[PDB]
Amino acid sequence: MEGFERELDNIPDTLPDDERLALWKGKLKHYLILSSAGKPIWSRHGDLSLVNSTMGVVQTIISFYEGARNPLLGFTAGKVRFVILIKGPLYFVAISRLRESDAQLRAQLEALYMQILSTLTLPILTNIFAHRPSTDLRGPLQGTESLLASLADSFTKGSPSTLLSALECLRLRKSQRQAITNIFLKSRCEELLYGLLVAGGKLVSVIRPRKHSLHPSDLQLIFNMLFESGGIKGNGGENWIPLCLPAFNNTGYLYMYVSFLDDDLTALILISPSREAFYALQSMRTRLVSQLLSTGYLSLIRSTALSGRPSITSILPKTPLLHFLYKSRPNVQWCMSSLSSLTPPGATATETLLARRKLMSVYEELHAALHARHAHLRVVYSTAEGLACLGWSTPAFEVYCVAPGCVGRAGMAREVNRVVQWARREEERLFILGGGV
Amino acid sequence: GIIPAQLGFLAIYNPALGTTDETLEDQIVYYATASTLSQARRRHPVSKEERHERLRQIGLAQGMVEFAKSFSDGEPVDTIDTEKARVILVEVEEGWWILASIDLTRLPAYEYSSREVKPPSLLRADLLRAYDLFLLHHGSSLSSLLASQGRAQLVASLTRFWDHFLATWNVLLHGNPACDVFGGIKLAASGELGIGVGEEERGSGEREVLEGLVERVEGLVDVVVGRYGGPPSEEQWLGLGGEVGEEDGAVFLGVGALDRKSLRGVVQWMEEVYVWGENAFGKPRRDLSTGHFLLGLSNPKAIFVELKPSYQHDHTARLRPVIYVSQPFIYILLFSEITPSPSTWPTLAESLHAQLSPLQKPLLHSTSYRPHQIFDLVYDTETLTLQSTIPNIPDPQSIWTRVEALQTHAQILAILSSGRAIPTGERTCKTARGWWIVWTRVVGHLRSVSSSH
Amino acid sequence: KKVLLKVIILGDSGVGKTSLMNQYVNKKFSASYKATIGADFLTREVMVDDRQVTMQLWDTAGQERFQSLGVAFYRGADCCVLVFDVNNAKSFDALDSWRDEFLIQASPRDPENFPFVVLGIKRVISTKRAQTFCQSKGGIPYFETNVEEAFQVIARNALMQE
């Protein structure tokens, strides 16, 4: 709220040098991925000319700490926080003026590392940086830079999925979701390993075999690379992306087939351990798609995705809450109320973006309060007219809520219990309890 | 085989002292490490490799400061989180920095955990309190100390004071972290004496007696009296190297004539004297004639204070301290630098004792006054007074078990850090152990209710 | 599109202390952390062959306290520059030790023709002694200081290696 409107606006290259440097320093958040050699691998804001000396400084500081056998995990400078992650040859540093915790910035840097490792498998990365530490990774990362930039933009905008390390799901009936999963099973192929149906970035259905299990890290990686980044639209149509899925197998290449269900943007993802399966997976999709319109489930999916997150009044009749964010510790999945209630009905992109950023920053402050290291906090209430907020971290779930300041803890606890009760009532209709057969 | 958390190293440096090469070692006006600190710890040789490590650490801190000058728009690096240590960089004043890396607990390869280590806010508060005490015992400000006494004398004084302080410093959580993080003046449980007529139970006549002592006694500028411990029962109460209790604290502050910052410094020195009697800085050895007087007016030991502008007496004073000690009470009396002669000290001491001994019983009666289980902590930012009820951490019968004490105090420090309340909105945070912390900002008091199950 | 070279320029204890690098780099993109961190940080682009190349200059401090962390700054250095002063006698005499320190500390893959362009910043060290060290190992392109003209040769030697 201190210049966030132009924070996502990139630094123009036509400006002279010192104005560009001042603009770069004025950015609220910076993501800097580099090698152990200090070479600029990727920067969210500004080209490598702008960030080159700064990245060298960061690398030599971390290398100072590595030489002292005491790895550096980050440091604070007033309101600014620098978080440093060392994933082998790769050094990730996040500079935040938005007051996030070390854990949240570390999770965001871990997500960036996850995307990079998905681009090229871990043994290949380690070998290319070991047998040649003087390696510029920007070569193989030619197509990955746009995805990383968009993912970092989503992080700055406020990513609840990354904050909670979970995923969102369509509010589908349990019978309807079971029918969709059974339709998914009725068209299955031996080469198919991980089936996935998503609608508007929200999980719809998951298909996994008995032996191999779909780790939540893999799902987070897929959603970050496709829906959080929004790069799935790029090269629209059939999309045969080689993949890594390091949680499943980081030493090998899977292959994910992405298709648009336009026959809001419903997507079908099919991950197979063989490169030649694509055509067969194509025959899979036409088999699945034809089943969906015939049974009408595709139209239902599109209609459910078209309506966004349910409004706070509809979820809780006559509630003082403006928004909430409920995460279930099992099933690793979350849900939230519509963001349209925060902003006035007639608003521009900048106003809605500012409202989302404010609410998300409140949520990350609450999340940091709950998950402070060596602090067994269970409930946290704050008053940032004002704006009251509560966060509850029962070992079975995790709920954050925001209301106008004229509510108080007494009523806010009642509202939090109410929304938790609603989520428990609709647990089967909100979360993927189990995968496919 | 668990290695406890200890101060990995500490250093005080002025970057403006070392400009060119072969003057970088002049930057480190003080340096200490655990191996160096061992001798001082027992009481209270450097080589090229160690000097290289010291210069590397100081240059690394300066490099972080300069690198973050651009991003933070003037704010320097204050906290550094590393795998094996927690580093605190505090700018004590303009151009003077103290960098302290505290080694985390090693658990048998090693696993490095900071479960019991003080948070960065509390470590910075302790370092600032030590720096304020050093200023209290030496000059007005470190820059003035240097420009007056030369870098060699500054190095000697810093070495002595900081070796003594770091010998007894506990990087782990201990005592009352909630009171320690705020700094300020820790008032006793009774608070202050009665201001005017009608509060004689709290010590209104007692406060009048103290004020008349200030005015009547020649050369007396200020008086602060604090209660530490209990009434007389071989006691050896003034030592024990223990911790200041929750009830212990300043009872009657100055009559004015002292800035609240320097008044806080004097009160902290009183606490240090109570904890480290005969071992505190200045060596407050009890008088041979009578044990009531220690650090008499008769080595002209004088502490340096800044007087309040609303006083006749540009504001530095260099007053002379005299500590009159009773079993429960400690009176620190700040006399003028020259007006009371040391020659008349034997005569002045008898009058002082005759004017404070009859005060002992009424003072004991008045300080005994007190204003599910609820603990609060009111810290008035304007007047720096701190009145708290949160119990201190028991040493390894209080109403607390030690584990609960550490958990509660670490939690409280977490709310203070999150609430941006430490000097250097309502935050209501609960837990699964039945503790309900409620931090409120009174409009400038900062209350911290600590409701228990 | 974009090619990157992390230049490591080895000042022989203050010889290369921004005496000549000041007017080379755009001073806007700088970080004078050589006194504390142990390396001045610079960045400059050159026109090598019909396409630009960025070099991140690391003007190493060379102090003994930073030597133990030598592999820290020397990681992945595609370029090295042995810089001395023509007037100073010990400037040229320390080149062999500096080169051995680089060769052992970072261990370049093929140091036989590793980029080792020498900048003779402007005498005890004559031109004969100036290229004697060059012809000793590989005839490295020494240039007496127009400084940019001694760095596109660095790119021509480095891109062909990549």
# chains A, B, ... in the order shown; residues from 1 in each chain; ligands from 1
>>> residues_around(residues="residue 387 in chain A", least_positions_apart="3", cutoff="10 Å", atoms="only C-alpha atoms", output="PyMOL selection string")
(chain A and resi 322+359+362+382-384+402-408) or (chain B and resi 425)
>>> write_last_selection(atoms="N, CA and C atoms", output="compact mmCIF listing (two decimals), in the first residue's frame")
# COMPACT_ATOMS: atom_id res chain seq x y z
N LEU A 322 -15.32 -10.17 6.49
CA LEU A 322 -15.11 -9.73 5.12
C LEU A 322 -14.46 -10.81 4.27
N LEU A 359 -5.10 -7.71 2.20
CA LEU A 359 -5.64 -8.88 2.87
C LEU A 359 -4.61 -9.99 2.96
N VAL A 362 -1.99 -9.21 5.61
CA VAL A 362 -2.56 -9.52 6.92
C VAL A 362 -2.48 -11.03 7.17
N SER A 382 -5.45 -9.89 16.10
CA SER A 382 -4.78 -8.62 15.89
C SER A 382 -5.77 -7.60 15.36
N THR A 383 -5.43 -6.33 15.54
CA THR A 383 -6.24 -5.20 15.07
C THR A 383 -5.32 -4.26 14.31
N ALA A 384 -5.19 -4.48 13.01
CA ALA A 384 -4.30 -3.67 12.18
C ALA A 384 -5.02 -2.43 11.66
N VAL A 402 -10.75 -12.21 8.59
CA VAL A 402 -10.63 -10.76 8.69
C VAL A 402 -12.03 -10.16 8.77
N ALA A 403 -12.21 -9.20 9.67
CA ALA A 403 -13.46 -8.49 9.84
C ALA A 403 -13.15 -7.02 10.12
N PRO A 404 -14.14 -6.14 10.00
CA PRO A 404 -13.94 -4.76 10.44
C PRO A 404 -13.62 -4.70 11.92
N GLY A 405 -12.85 -3.67 12.31
CA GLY A 405 -12.35 -3.56 13.66
C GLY A 405 -13.42 -3.50 14.73
N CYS A 406 -14.65 -3.11 14.37
CA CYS A 406 -15.72 -3.01 15.35
C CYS A 406 -16.38 -4.36 15.58
N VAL A 407 -15.58 -5.40 15.84
CA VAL A 407 -16.11 -6.72 16.13
C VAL A 407 -15.55 -7.20 17.46
N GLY A 408 -14.23 -7.20 17.59
CA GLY A 408 -13.59 -7.64 18.81
C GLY A 408 -13.34 -9.14 18.84
N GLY B 425 -3.49 -0.64 18.22
CA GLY B 425 -3.47 -2.05 17.89
C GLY B 425 -3.45 -2.94 19.11
>>> interface_residues(of="chain C", to="chain A", cutoff="7 Å", atoms="only C-alpha atoms", output="PyMOL selection string")
chain C and resi 6+28-31+41-43+56+69+72-73+75-78
>>> interface_residues(of="chain C", to="chain B", cutoff="7 Å", atoms="only C-alpha atoms", output="MDAnalysis selection string")
chainID C and resid 33 36:37 65
>>> interface_residues(of="chain B", to="chain A", cutoff="6 Å", atoms="only C-alpha atoms", output="ChimeraX atom specification")
/B:71-72,75-84,115,411,425-432
>>> residues_around(residues="residue 331 in chain B", least_positions_apart="2", cutoff="8 Å", atoms="only C-alpha atoms", output="ChimeraX atom specification")
/B:223-226,323-325,329,333
>>> write_last_selection(atoms="C-alpha atoms", output="mmCIF file, in the first residue's frame")
data_model
loop_
_atom_site.group_PDB
_atom_site.id
_atom_site.type_symbol
_atom_site.label_atom_id
_atom_site.label_comp_id
_atom_site.auth_asym_id
_atom_site.auth_seq_id
_atom_site.Cartn_x
_atom_site.Cartn_y
_atom_site.Cartn_z
ATOM 1 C CA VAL B 223 18.264 10.201 45.184
ATOM 2 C CA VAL B 224 16.917 6.877 43.911
ATOM 3 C CA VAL B 225 15.985 4.050 46.288
ATOM 4 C CA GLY B 226 15.048 0.535 45.243
ATOM 5 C CA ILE B 323 25.397 3.858 47.850
ATOM 6 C CA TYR B 324 23.796 3.496 51.278
ATOM 7 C CA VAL B 325 22.606 -0.091 51.614
ATOM 8 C CA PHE B 329 16.849 -1.312 50.335
ATOM 9 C CA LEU B 333 22.526 9.204 46.014
#
>>> select_by_dssp(residues="range 33-81 of chain A", states="helix (DSSP H, G or I)", output="PyMOL selection string")
chain A and resi 48-67
>>> atom_distance(atom1="CA of residue 130 in chain B", atom2="CA of residue 340 in chain B")
29.6 Å
>>> closest_residue(among="B:170, B:4, B:175, B:195", to="residue 108 in chain B", atoms="only C-alpha atoms")
B:4
>>> select_by_dssp(residues="range 245-299 of chain A", states="strand (DSSP E or B)", output="ChimeraX atom specification")
/A:254-260,266-272
>>> write_last_selection(atoms="N, CA and C atoms", output="mmCIF file, in the first residue's frame")
data_model
loop_
_atom_site.group_PDB
_atom_site.id
_atom_site.type_symbol
_atom_site.label_atom_id
_atom_site.label_comp_id
_atom_site.auth_asym_id
_atom_site.auth_seq_id
_atom_site.Cartn_x
_atom_site.Cartn_y
_atom_site.Cartn_z
ATOM 1 N N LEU A 254 9.457 -37.364 -16.208
ATOM 2 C CA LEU A 254 8.090 -37.704 -16.556
ATOM 3 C C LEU A 254 7.657 -36.851 -17.745
ATOM 4 N N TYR A 255 6.410 -37.009 -18.177
ATOM 5 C CA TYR A 255 5.900 -36.229 -19.297
ATOM 6 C C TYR A 255 4.444 -35.896 -19.031
ATOM 7 N N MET A 256 4.140 -34.606 -18.938
ATOM 8 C CA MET A 256 2.811 -34.124 -18.598
ATOM 9 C C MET A 256 2.148 -33.572 -19.851
ATOM 10 N N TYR A 257 0.935 -34.037 -20.116
ATOM 11 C CA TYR A 257 0.139 -33.630 -21.262
ATOM 12 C C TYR A 257 -0.992 -32.752 -20.753
ATOM 13 N N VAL A 258 -1.046 -31.519 -21.245
ATOM 14 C CA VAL A 258 -2.001 -30.514 -20.794
ATOM 15 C C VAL A 258 -2.929 -30.188 -21.953
ATOM 16 N N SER A 259 -4.233 -30.258 -21.698
ATOM 17 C CA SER A 259 -5.241 -29.968 -22.705
ATOM 18 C C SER A 259 -6.307 -29.048 -22.130
ATOM 19 N N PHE A 260 -6.893 -28.232 -23.003
ATOM 20 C CA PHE A 260 -7.949 -27.305 -22.622
ATOM 21 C C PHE A 260 -9.313 -27.932 -22.871
ATOM 22 N N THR A 266 -10.988 -24.868 -17.963
ATOM 23 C CA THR A 266 -10.809 -26.228 -17.473
ATOM 24 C C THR A 266 -9.634 -26.888 -18.181
ATOM 25 N N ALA A 267 -8.773 -27.543 -17.406
ATOM 26 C CA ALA A 267 -7.556 -28.150 -17.917
ATOM 27 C C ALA A 267 -7.477 -29.609 -17.495
ATOM 28 N N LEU A 268 -6.928 -30.430 -18.385
ATOM 29 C CA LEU A 268 -6.679 -31.840 -18.128
ATOM 30 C C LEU A 268 -5.181 -32.090 -18.196
ATOM 31 N N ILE A 269 -4.638 -32.702 -17.145
ATOM 32 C CA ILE A 269 -3.216 -32.981 -17.014
ATOM 33 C C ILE A 269 -3.044 -34.487 -16.894
ATOM 34 N N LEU A 270 -2.178 -35.055 -17.725
ATOM 35 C CA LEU A 270 -1.923 -36.490 -17.708
ATOM 36 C C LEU A 270 -0.422 -36.717 -17.718
ATOM 37 N N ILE A 271 0.109 -37.253 -16.625
ATOM 38 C CA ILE A 271 1.541 -37.450 -16.456
ATOM 39 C C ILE A 271 1.846 -38.927 -16.643
ATOM 40 N N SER A 272 2.763 -39.224 -17.557
ATOM 41 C CA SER A 272 3.178 -40.576 -17.887
ATOM 42 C C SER A 272 4.694 -40.680 -17.829
#
>>> residues_around(residues="range 142-159 of chain A", least_positions_apart="3", cutoff="9 Å", atoms="only C-alpha atoms", output="PyMOL selection string")
chain A and resi 7-8+28-31+42-45+98+108+111-112+115-116+119+137-139+162-164+224-226+228-231+353-354+356-361+364
>>> write_last_selection(atoms="N, CA and C atoms", output="CSV table (one decimal), in the first residue's frame")
chain,number,residue,atom,x,y,z
A,7,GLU,N,4.6,-1.4,-8.4
A,7,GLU,CA,5.6,-2.4,-8.1
A,7,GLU,C,5.8,-3.5,-9.1
A,8,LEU,N,4.6,-4.0,-9.6
A,8,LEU,CA,4.7,-5.0,-10.6
A,8,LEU,C,5.0,-4.5,-12.0
A,28,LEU,N,9.3,-3.2,-4.0
A,28,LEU,CA,9.0,-3.8,-2.7
A,28,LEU,C,9.6,-5.2,-2.5
A,29,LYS,N,9.6,-6.0,-3.5
A,29,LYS,CA,10.1,-7.3,-3.4
A,29,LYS,C,11.1,-7.7,-4.6
A,30,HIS,N,12.1,-8.4,-4.3
A,30,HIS,CA,13.1,-8.8,-5.3
A,30,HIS,C,13.4,-10.3,-5.1
A,31,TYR,N,13.4,-11.1,-6.2
A,31,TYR,CA,13.8,-12.5,-6.2
A,31,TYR,C,15.1,-12.6,-7.0
A,42,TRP,N,18.7,-15.6,-12.7
A,42,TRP,CA,17.3,-15.0,-13.0
A,42,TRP,C,17.1,-13.9,-11.9
A,43,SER,N,16.4,-12.8,-12.3
A,43,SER,CA,16.0,-11.8,-11.5
A,43,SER,C,14.6,-11.4,-11.8
A,44,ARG,N,13.7,-11.3,-10.8
A,44,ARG,CA,12.3,-10.9,-11.1
A,44,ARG,C,12.2,-9.5,-11.7
A,45,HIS,N,12.9,-8.5,-11.1
A,45,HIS,CA,12.9,-7.2,-11.6
A,45,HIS,C,14.3,-6.7,-12.1
A,98,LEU,N,7.7,-6.1,2.4
A,98,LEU,CA,6.3,-6.3,2.7
A,98,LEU,C,6.1,-7.0,4.0
A,108,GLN,N,8.7,-19.5,-0.6
A,108,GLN,CA,8.6,-19.0,-2.0
A,108,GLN,C,9.8,-19.3,-2.8
A,111,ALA,N,9.7,-22.8,-3.8
A,111,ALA,CA,8.8,-23.0,-4.9
A,111,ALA,C,9.5,-22.7,-6.2
A,112,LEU,N,10.3,-21.6,-6.2
A,112,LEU,CA,11.1,-21.2,-7.4
A,112,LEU,C,12.1,-22.3,-7.7
A,115,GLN,N,10.3,-25.2,-9.4
A,115,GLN,CA,10.1,-25.0,-10.8
A,115,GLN,C,11.4,-25.2,-11.6
A,116,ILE,N,12.5,-24.7,-11.1
A,116,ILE,CA,13.7,-24.8,-11.8
A,116,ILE,C,14.1,-26.3,-11.9
A,119,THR,N,12.2,-28.0,-14.5
A,119,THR,CA,12.7,-27.7,-15.9
A,119,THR,C,13.8,-28.7,-16.2
A,137,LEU,N,23.3,-20.7,-16.4
A,137,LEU,CA,22.1,-21.5,-16.5
A,137,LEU,C,21.0,-20.9,-17.3
A,138,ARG,N,21.2,-19.6,-17.7
A,138,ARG,CA,20.2,-18.9,-18.5
A,138,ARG,C,20.0,-19.5,-19.9
A,139,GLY,N,20.9,-20.4,-20.3
A,139,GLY,CA,20.6,-21.1,-21.6
A,139,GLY,C,19.5,-22.0,-21.5
A,162,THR,N,0.8,-20.8,-1.9
A,162,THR,CA,2.2,-20.9,-1.5
A,162,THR,C,2.4,-20.6,0.0
A,163,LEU,N,1.6,-19.7,0.5
A,163,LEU,CA,1.6,-19.4,1.9
A,163,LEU,C,1.3,-20.6,2.8
A,164,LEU,N,0.2,-21.3,2.4
A,164,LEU,CA,-0.2,-22.5,3.2
A,164,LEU,C,0.4,-23.8,2.7
A,224,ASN,N,1.9,-24.4,-9.7
A,224,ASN,CA,2.7,-23.3,-9.8
A,224,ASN,C,3.2,-23.1,-11.2
A,225,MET,N,3.7,-24.2,-11.8
A,225,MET,CA,4.2,-24.0,-13.2
A,225,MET,C,3.1,-23.8,-14.2
A,226,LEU,N,1.8,-24.2,-13.9
A,226,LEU,CA,0.8,-24.0,-14.9
A,226,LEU,C,-0.2,-22.9,-14.6
A,228,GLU,N,-0.6,-21.0,-11.3
A,228,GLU,CA,-0.1,-19.8,-10.6
A,228,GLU,C,0.7,-19.0,-11.5
A,229,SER,N,1.5,-19.6,-12.4
A,229,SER,CA,2.3,-18.9,-13.4
A,229,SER,C,1.4,-18.4,-14.5
A,230,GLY,N,0.3,-19.1,-14.8
A,230,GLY,CA,-0.5,-18.7,-15.9
A,230,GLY,C,0.1,-19.0,-17.3
A,231,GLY,N,1.2,-19.7,-17.3
A,231,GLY,CA,1.9,-20.0,-18.6
A,231,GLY,C,1.3,-21.1,-19.4
A,353,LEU,N,-6.3,-5.1,-6.8
A,353,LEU,CA,-4.9,-5.6,-6.5
A,353,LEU,C,-4.5,-5.2,-5.2
A,354,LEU,N,-4.7,-3.9,-4.9
A,354,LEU,CA,-4.3,-3.3,-3.6
A,354,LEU,C,-5.1,-4.0,-2.4
A,356,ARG,N,-6.4,-7.0,-2.5
A,356,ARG,CA,-5.9,-8.4,-2.3
A,356,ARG,C,-4.5,-8.4,-1.6
A,357,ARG,N,-3.7,-7.4,-2.0
A,357,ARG,CA,-2.4,-7.4,-1.3
A,357,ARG,C,-2.5,-7.1,0.2
A,358,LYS,N,-3.4,-6.2,0.5
A,358,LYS,CA,-3.5,-5.8,1.9
A,358,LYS,C,-4.1,-7.1,2.7
A,359,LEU,N,-5.1,-7.7,2.2
A,359,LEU,CA,-5.6,-8.9,2.9
A,359,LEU,C,-4.6,-10.0,3.0
A,360,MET,N,-3.9,-10.2,1.9
A,360,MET,CA,-2.9,-11.3,1.9
A,360,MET,C,-1.7,-11.0,2.9
A,361,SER,N,-1.3,-9.7,2.9
A,361,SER,CA,-0.3,-9.3,3.9
A,361,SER,C,-0.7,-9.6,5.3
A,364,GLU,N,-0.4,-13.3,5.9
A,364,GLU,CA,0.9,-13.8,6.1
A,364,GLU,C,1.5,-13.3,7.5
>>> residues_around(residues="range 329-342 of chain A", least_positions_apart="3", cutoff="8 Å", atoms="only C-alpha atoms", output="JSON, numbers by chain")
{"A": [161, 164, 165, 166, 167, 168, 169, 216, 308, 309, 310, 311, 312, 315, 322, 323, 324, 325, 326, 345, 352, 355, 356, 395, 396, 397, 398, 430, 431, 432, 433, 434]}
>>> write_last_selection(atoms="N, CA, C and O atoms", output="short mmCIF file (atom, residue, chain, number, x, y, z; two decimals), in the first residue's frame")
data_model
loop_
_atom_site.label_atom_id
_atom_site.label_comp_id
_atom_site.auth_asym_id
_atom_site.auth_seq_id
_atom_site.Cartn_x
_atom_site.Cartn_y
_atom_site.Cartn_z
N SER A 161 -1.95 -20.28 -1.78
CA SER A 161 -1.50 -21.65 -1.96
C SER A 161 -0.04 -21.81 -1.55
O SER A 161 0.32 -22.81 -0.91
N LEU A 164 0.25 -21.33 2.41
CA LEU A 164 -0.18 -22.51 3.16
C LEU A 164 0.44 -23.80 2.65
O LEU A 164 0.25 -24.84 3.29
N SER A 165 1.18 -23.75 1.54
CA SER A 165 1.76 -24.95 0.93
C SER A 165 0.68 -25.99 0.65
O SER A 165 0.89 -27.19 0.83
N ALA A 166 -0.48 -25.53 0.19
CA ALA A 166 -1.60 -26.39 -0.13
C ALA A 166 -2.17 -25.96 -1.47
O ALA A 166 -1.59 -25.12 -2.17
N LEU A 167 -3.31 -26.53 -1.85
CA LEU A 167 -3.94 -26.25 -3.12
C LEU A 167 -5.44 -26.02 -2.93
O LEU A 167 -6.04 -26.51 -1.96
N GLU A 168 -6.03 -25.28 -3.85
CA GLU A 168 -7.46 -25.02 -3.83
C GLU A 168 -8.20 -26.06 -4.66
O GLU A 168 -7.64 -26.65 -5.59
N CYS A 169 -9.47 -26.27 -4.33
CA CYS A 169 -10.29 -27.26 -5.02
C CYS A 169 -11.66 -26.67 -5.32
O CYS A 169 -12.14 -25.77 -4.63
N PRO A 216 1.89 -34.06 -2.26
CA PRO A 216 1.40 -32.68 -2.39
C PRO A 216 2.42 -31.73 -2.97
O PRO A 216 2.04 -30.73 -3.59
N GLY A 308 -16.82 -17.72 -8.96
CA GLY A 308 -15.60 -17.76 -8.19
C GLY A 308 -15.77 -18.36 -6.81
O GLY A 308 -16.67 -19.17 -6.59
N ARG A 309 -14.91 -17.98 -5.88
CA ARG A 309 -15.06 -18.44 -4.51
C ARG A 309 -16.40 -17.96 -3.96
O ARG A 309 -16.81 -16.83 -4.25
N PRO A 310 -17.11 -18.78 -3.21
CA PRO A 310 -18.42 -18.36 -2.70
C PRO A 310 -18.31 -17.12 -1.82
O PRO A 310 -17.36 -16.96 -1.06
N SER A 311 -19.30 -16.24 -1.95
CA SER A 311 -19.29 -14.99 -1.21
C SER A 311 -19.43 -15.26 0.29
O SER A 311 -20.02 -16.26 0.71
N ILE A 312 -18.88 -14.35 1.09
CA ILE A 312 -18.86 -14.54 2.54
C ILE A 312 -20.27 -14.56 3.12
O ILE A 312 -20.54 -15.29 4.08
N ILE A 315 -21.75 -18.07 2.30
CA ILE A 315 -21.14 -19.10 3.14
C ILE A 315 -21.69 -19.02 4.56
O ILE A 315 -22.14 -20.02 5.13
N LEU A 322 -15.32 -10.17 6.49
CA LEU A 322 -15.11 -9.73 5.12
C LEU A 322 -14.46 -10.81 4.27
O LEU A 322 -14.69 -10.84 3.05
N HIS A 323 -13.67 -11.69 4.87
CA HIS A 323 -12.96 -12.73 4.15
C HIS A 323 -12.48 -13.77 5.14
O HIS A 323 -12.43 -13.53 6.35
N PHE A 324 -12.13 -14.94 4.62
CA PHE A 324 -11.54 -15.99 5.44
C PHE A 324 -10.70 -16.89 4.54
O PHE A 324 -10.80 -16.86 3.32
N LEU A 325 -9.86 -17.71 5.18
CA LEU A 325 -8.97 -18.61 4.46
C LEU A 325 -8.77 -19.85 5.34
O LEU A 325 -8.03 -19.80 6.32
N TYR A 326 -9.44 -20.94 4.98
CA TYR A 326 -9.42 -22.17 5.76
C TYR A 326 -8.56 -23.21 5.06
O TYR A 326 -8.82 -23.56 3.91
N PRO A 345 -17.98 -2.60 -5.55
CA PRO A 345 -18.41 -3.33 -6.76
C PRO A 345 -17.84 -2.76 -8.04
O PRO A 345 -17.51 -3.53 -8.96
N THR A 352 -8.50 -3.48 -6.86
CA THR A 352 -8.65 -4.87 -6.45
C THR A 352 -7.31 -5.48 -6.09
O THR A 352 -7.21 -6.26 -5.13
N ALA A 355 -6.39 -4.21 -2.63
CA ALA A 355 -7.17 -4.88 -1.60
C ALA A 355 -6.68 -6.31 -1.37
O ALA A 355 -6.54 -6.75 -0.22
N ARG A 356 -6.41 -7.04 -2.45
CA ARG A 356 -5.89 -8.39 -2.32
C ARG A 356 -4.54 -8.40 -1.62
O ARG A 356 -4.28 -9.26 -0.78
N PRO A 395 -4.29 -28.60 15.20
CA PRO A 395 -3.56 -29.62 14.44
C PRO A 395 -4.37 -30.29 13.32
O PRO A 395 -3.80 -31.03 12.51
N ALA A 396 -5.67 -30.03 13.27
CA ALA A 396 -6.52 -30.62 12.24
C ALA A 396 -6.83 -29.68 11.08
O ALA A 396 -7.30 -30.15 10.04
N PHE A 397 -6.58 -28.38 11.23
CA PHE A 397 -6.90 -27.43 10.17
C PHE A 397 -6.07 -26.16 10.37
O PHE A 397 -5.12 -26.14 11.16
N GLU A 398 -6.42 -25.12 9.62
CA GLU A 398 -5.76 -23.82 9.77
C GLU A 398 -6.65 -22.78 9.11
O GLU A 398 -6.88 -22.84 7.90
N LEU A 430 -15.48 -30.00 -0.32
CA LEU A 430 -14.47 -28.97 -0.56
C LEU A 430 -13.08 -29.51 -0.82
O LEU A 430 -12.28 -28.82 -1.47
N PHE A 431 -12.75 -30.71 -0.34
CA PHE A 431 -11.39 -31.23 -0.41
C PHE A 431 -11.38 -32.60 -1.06
O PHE A 431 -12.35 -33.36 -0.97
N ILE A 432 -10.26 -32.91 -1.72
CA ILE A 432 -10.05 -34.23 -2.32
C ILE A 432 -9.61 -35.16 -1.20
O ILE A 432 -8.43 -35.21 -0.84
N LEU A 433 -10.56 -35.90 -0.62
CA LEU A 433 -10.23 -36.81 0.47
C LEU A 433 -9.27 -37.90 0.00
O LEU A 433 -8.31 -38.24 0.70
N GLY A 434 -9.51 -38.46 -1.19
CA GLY A 434 -8.64 -39.47 -1.73
C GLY A 434 -8.52 -39.32 -3.24
O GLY A 434 -9.33 -38.67 -3.89
#
>>> closest_residue(among="A:241, A:114, A:196, A:293", to="residue 184 in chain A", atoms="only C-alpha atoms")
A:196
>>> residues_around(residues="residue 302 in chain B", least_positions_apart="4", cutoff="7 Å", atoms="only C-alpha atoms", output="list in words")
residues 318, 319, 320 and 321 of chain B
>>> write_last_selection(atoms="N, CA, C and O atoms", output="short mmCIF file (atom, residue, chain, number, x, y, z; two decimals), in the first residue's frame")
data_model
loop_
_atom_site.label_atom_id
_atom_site.label_comp_id
_atom_site.auth_asym_id
_atom_site.auth_seq_id
_atom_site.Cartn_x
_atom_site.Cartn_y
_atom_site.Cartn_z
N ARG B 318 28.38 14.41 35.40
CA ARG B 318 29.45 13.69 36.10
C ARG B 318 29.26 13.81 37.62
O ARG B 318 30.08 14.39 38.34
N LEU B 319 28.15 13.26 38.09
CA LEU B 319 27.83 13.29 39.51
C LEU B 319 28.59 12.20 40.26
O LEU B 319 29.06 11.22 39.67
N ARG B 320 28.69 12.38 41.57
CA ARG B 320 29.40 11.42 42.41
C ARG B 320 28.40 10.51 43.10
O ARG B 320 27.54 11.01 43.84
N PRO B 321 28.46 9.20 42.90
CA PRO B 321 27.49 8.31 43.54
C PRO B 321 27.95 7.82 44.91
O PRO B 321 29.12 7.50 45.13
#
